């Protein structure tokens, strides 16, 4: 089943097992996606208590199959074509003048849910840096995710740079290098990009440390 799985609203489960400079945390997320409009609506909870890192640094790690690929570009949608068996998503993320995240995730269908299970390791972060010092604004800018085919691994690669606003009005850059490979035996796409927009908010009833996330993503560049 390719794409067909993304007609209407699909419930989402996300789990992240994290370790940054030796500080462990676990994040669980739930919500919904509608790929026909490229919309995600999600709520994440840190079940281990307050996070050792700011929530915005985890957004990109925490289901690009929910991009809306317009009709003339549906032959380039690797993410959905790999479903339901799914794909492995791996990243190295370099925070400029600070530490790096290494991530590995399995994205696939379990029943009617799309499930993103993630392991994250963070190393060489500076206390007195923007991440461990929590100097990042609680918001998110809009970016372009540049995608190309990786024919040798039957998948794709991607690279983009996230701009995180800092308290003092400067910007903290996070360079993302990404690789996706299918879990089974897909649509391999011509060079294109995803245009991303994101809002980060709070559930006023929620006592636990958490993040509500609203995302709109569309493909373009063809």
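Positions refer to the first chain, counted from 1.
According to the entry, the stretch of the deposited sequence that connects residue 62 to residue 63 contains 1 to 3 residues lacking coordinates, which leaves a short gap in the model. In this entry, residue 185 and residue 186 are separated by 1 to 3 residues of the deposited sequence that lack coordinates. For the pair 148-156 and 85-93, the mean Cα B-factor is higher in 148-156. When the mean C-alpha temperature factors of 52-60 and 159-167 are read from the deposited coordinates, 159-167 comes out higher. Residue 37: CA B factor in the highest third of modelled residues in this chain (values from the PDB entry).
Ranked against the other modelled residues of its chain, the C-alpha B-factor of residue 112 as given in the entry falls in the highest third. Among the modelled residues of its chain, residue 47 has a C-alpha B-factor that falls in the highest third according to the deposited record. Ranked against the other modelled residues of its chain, the C-alpha B-factor of residue 125 as given in the entry falls in the highest third. Sort the modelled residues of the chain by CA B factor and residue 189 lands in the highest third.
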